[PDB]
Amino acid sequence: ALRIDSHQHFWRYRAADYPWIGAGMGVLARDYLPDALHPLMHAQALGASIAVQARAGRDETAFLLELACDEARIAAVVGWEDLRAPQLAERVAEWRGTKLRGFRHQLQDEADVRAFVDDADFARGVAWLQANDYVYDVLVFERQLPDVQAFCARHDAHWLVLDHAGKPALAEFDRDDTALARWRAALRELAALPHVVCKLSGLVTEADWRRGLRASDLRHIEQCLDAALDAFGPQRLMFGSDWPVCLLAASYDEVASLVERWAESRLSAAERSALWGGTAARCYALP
């Protein structure tokens, strides 16, 4: 039974190359490389991780695959390509033989997510990915979930992974008594598709981390974990740390422990084994 952190990032920091790292995120404005990640996974008895593109550009893919090439603690890479380019097939061929297992576009930052995913060229690209057993990670804000519903139903030839449980507006749960229900309804609509699975990661950072995580935030996160479990089922949940991004809000140990405590309560031993690497292993085709 593999134990896998299914979602983390690496980078040599350069401000202009990571526009999403902005004011007040000083902790991220430095290098994070596999050597810093190792002890963190060691403490959680995690054996290997999956490195996910942290910026747009083929060079990010090159970078991650270089880090990964001969490092056993990196089991796969989720890269970046322009999926709308007709040259997509020839460019991906450059990564043949490698640990590349999937792709991700930062849909959340698009101005018209729905127009973007429904685009005929992008659609053609995602269809090619699926025809070739590449996973596609879906990264959207909670409000954008209905915008990708038709896109996820359409692309059903291979696994789609919903990143960060679709980012519930955790900071709003006490101001907005519709926030949890709205997201749960959309989550359920996606989870009804058998080829879509869910990453349980990136939750601490949807809370109001600038003020500091509080006990109420942890309770809301458990409500989201419970809703994810109900909608997806225990065999379609995948742990990820979202390190180093999670450091805005919590330590790696804190991120794993809150999932661990929740899992000991809700899941059987075999289901925990799925959560902690079994599901990532089968969906990303890990050895």
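Numbers follow the displayed sequence, beginning with 1.
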query: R175 unmodelled in at least a third of other compared entries; finding: yes
query: Mean Cα B-factor comparison, 243-251 or 31-39, giving the higher one as deposited; finding: 31-39
query: Selected stretch [higher average CA B-factor]: 124-132 or 163-171; finding: 124-132
query: Selection by C-alpha B-factor (highest) of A111, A215, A207, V197; finding: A111
query: Top residue by Cα temperature factor, when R104, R184, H158, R91 are compared in the entry; finding: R91
query: CA B-factor placement of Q235, once the chain's modelled residues are sorted into thirds; finding: lowest
query: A269 - Cα temperature factor, lowest/middle/highest third of chain; finding: highest
query: Ranked against its chain, the third holding the CA B-factor of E142; finding: highest
query: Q53 by Cα B-factor - lowest, middle or highest third of the modelled chain; finding: lowest
query: Within-chain third of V148 by Cα B-factor, per the entry; finding: middle
